[PDB]
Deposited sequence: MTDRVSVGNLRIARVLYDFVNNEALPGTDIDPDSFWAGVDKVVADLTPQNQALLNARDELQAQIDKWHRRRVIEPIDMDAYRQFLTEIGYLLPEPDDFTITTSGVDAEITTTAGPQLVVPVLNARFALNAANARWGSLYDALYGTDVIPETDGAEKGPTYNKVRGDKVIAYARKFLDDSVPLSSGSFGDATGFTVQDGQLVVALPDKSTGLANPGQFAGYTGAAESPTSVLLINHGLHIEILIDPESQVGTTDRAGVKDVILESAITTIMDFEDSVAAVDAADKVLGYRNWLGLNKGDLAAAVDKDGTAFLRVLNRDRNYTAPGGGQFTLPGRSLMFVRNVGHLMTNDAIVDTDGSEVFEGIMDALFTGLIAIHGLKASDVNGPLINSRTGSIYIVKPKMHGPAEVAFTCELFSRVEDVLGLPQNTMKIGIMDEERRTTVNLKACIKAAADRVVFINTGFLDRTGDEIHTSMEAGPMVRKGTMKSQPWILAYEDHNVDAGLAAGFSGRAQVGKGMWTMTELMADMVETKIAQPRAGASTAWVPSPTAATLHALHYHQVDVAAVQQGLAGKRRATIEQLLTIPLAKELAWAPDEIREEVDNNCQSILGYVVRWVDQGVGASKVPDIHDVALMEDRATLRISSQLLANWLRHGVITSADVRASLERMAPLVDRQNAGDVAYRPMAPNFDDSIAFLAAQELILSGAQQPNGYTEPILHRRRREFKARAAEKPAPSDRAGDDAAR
């Protein structure tokens, strides 16, 4: 209610003051001009942000009418989408021209960690996760089974530590082979002639490929750590025979450190509840501390500094201590009262984010004002833009970034774009979307969770969908994943840009992650998303076993996905399911909505571990909420289930979600109809069909605001 008028804009004062007193000092931008430019960018690109948002509903309306009129003529289907401007012609082959891109993106294949920018500790850890102890990763997770006396105890279990050490020596054997013998046999390491030599219990061998020896610390004659490289990622053997772990170790190894989270996406979108100017500032403030380089916590944990090594021959070089940081703005749909206009119309959140995260990112290009730590050593600003539907929304984002770079005084194409392939209209037009961003594009990623949501909502009217667990094997999603890699490699992404795959959500099943997430490097993705620093280092194993660049060479030119397979709607069969299976699917989805929503609405937490009805802790975000809510809406709109069926499941799941929590937590049960979060969940399902492209934000935002408001 207390705002600052600049032009047609009414800036909430908390935002204005933050920009003026915290973000703008050090950017060379005079606050007068910046706001005047903000007002100017808002006023003129709001029309096209609104046109594009209008195109989405009218395309969807035409599709909904087509299915309801109508046993499905697929040639006619694809022709209709071509006729309404949903499917557009493929452009002809081209190479992306994006320049000034950090090497972690162009060349390096490895994990990419995603973290809510609103949690400064998490963001701190994510930035520091560029380096991760393989030992702590293995010890702390189920990768080493708690069996035969290897169970995690309140104190260090030396049986567990041995399987840890043994596992890591196996890894080193597969990544950096010795000419003869194994690292398990190693008794010590020295550097001679610029070449690493390892002491065995009989002879002394070297590296199979000595070029994998990348450096060391300490004296040549007994390093405190040897630095190894494999497939562009560094491995560090910490050597300390006096350390407790090193004392037991054949070679005095204290730890093996993996280069892990090569890049990190600091997220303003599906993993945060940022509903108003107060919420947005907390996130912008964290983004500012990360770009300054002085973000810190007590309970003093700092951002890591760079790591220095002696080069194998002479030299004293330096590797990045922290993960190269992206920011994920919100998409184009949502609106935020942080800025209202003269007439009360909220300003578009995506525009605001581009200017504010853009402005703040200026500090991360220098190192004393701007703070001491550099993010991009190439002057690029990395914004992944999510939920774009089609190439005209990409073009608008590039124009948007163009205008922001004007207001901000940056050269053009400073603001690079990570395109989320995660709406159906981007999938079937992906090559045109990359073209629309040919000079700003820096990755594509299959947002397979939002993409499933878009899939269900687009063909909502076609009939019941398969159960959610079944989507992973549907023709459309398998073509979607292969198509994304193809189009990226056809666009020149190899060595120029990242081809990225989606998020491992089972944060407690690391053994399974180590077993199955290798499929993503093996399919040619140069990065894949991990929810956690620990997961980053474990998923880093996979880039040591799979030569991602070599996989992408072999995939060149191959077109493994037809337009017809991309358009295969995941409809369920005839007799479908037993009431058995139906109820399981309803209970499962209702408990995943409720568990996620209650923390979103009552505590403004956008990313929660939520056990499903098989007691598997799932890291849940808005995208997973969108699937669950759209699938029940679809099952509802076709009579697979009843509105009272959905309420009964919500009623019976609420107490079990209540007992999955406690704290600061507010019990949903028994006063269901007067718990705001409960009604938010119910409305996400009962009104799921009505939301624009099934997005959950409109209902989540307004219910969060209303919860905040009843905290009067």
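- Taken in order along the deposited sequence, the stretches absent from the coordinates are 1, 72-74, 304-310, 379, 676-677, 727-741.
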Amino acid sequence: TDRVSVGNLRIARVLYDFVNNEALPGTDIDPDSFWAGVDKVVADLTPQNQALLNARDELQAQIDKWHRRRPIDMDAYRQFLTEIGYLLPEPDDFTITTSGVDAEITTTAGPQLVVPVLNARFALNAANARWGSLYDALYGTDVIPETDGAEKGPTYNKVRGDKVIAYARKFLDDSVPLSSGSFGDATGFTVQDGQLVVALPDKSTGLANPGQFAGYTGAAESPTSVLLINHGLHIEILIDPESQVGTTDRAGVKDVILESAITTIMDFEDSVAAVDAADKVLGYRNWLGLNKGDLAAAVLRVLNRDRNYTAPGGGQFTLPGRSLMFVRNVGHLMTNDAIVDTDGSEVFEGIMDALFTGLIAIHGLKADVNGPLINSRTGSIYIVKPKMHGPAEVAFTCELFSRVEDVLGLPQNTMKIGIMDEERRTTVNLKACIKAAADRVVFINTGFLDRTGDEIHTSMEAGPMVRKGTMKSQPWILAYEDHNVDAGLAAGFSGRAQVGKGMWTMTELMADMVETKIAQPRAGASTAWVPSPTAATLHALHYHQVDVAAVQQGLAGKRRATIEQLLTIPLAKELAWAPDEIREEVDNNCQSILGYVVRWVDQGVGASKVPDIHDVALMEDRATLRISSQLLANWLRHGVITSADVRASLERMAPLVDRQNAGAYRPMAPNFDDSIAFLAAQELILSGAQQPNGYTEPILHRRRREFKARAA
From here on, numbers count along this sequence of modelled residues.
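The term rigid core refers to the maximal set of C-alpha atoms that superpose within 1.5 Å between the two forms.
- When the other structures are laid on the shown form by the core, the C-alphas of 102-110 and 144-152 differ in how far they drift in 7 other deposited structures of this protein; the larger average drift belongs to 144-152.
- Looking at 191-199 and 537-545, the one farther from the shown form in 7 other deposited structures of this protein by average CA distance, after a rigid core fit, turns out to be 191-199.
- At least a third of the other compared entries skip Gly371 while keeping the residues on either side.
- Omission of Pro655 is seen in none of the other entries compared for this protein where the adjacent residues are built, far below a third.
- When the mean C-alpha temperature factors of 149-157 and 125-133 are read from the deposited coordinates, 149-157 comes out higher.
- Comparing 170-178 with 529-537, the stretch with the higher mean C-alpha B-factor in the PDB entry is 170-178.
- The top Cα temperature factor in the record, among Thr97, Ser629, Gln474, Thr357, falls on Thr97.
- Annotation for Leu449, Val191, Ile593, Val114: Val191 ranks highest, by Cα B-factor.
- In the deposited entry, the Cα temperature factor of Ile685 places it in the lowest third of its chain's modelled residues.
- Ranked within its chain, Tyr139 lands in the lowest third, by CA B factor from the PDB record.
- In the deposited entry, the Cα temperature factor of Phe443 places it in the middle third of its chain's modelled residues.
- Residue-level temperature factors show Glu455 in the middle third of its chain, judged at the C-alpha atom.
- In this PDB entry, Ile11 carries a Cα temperature factor that places it within the middle third of its chain's modelled residues.
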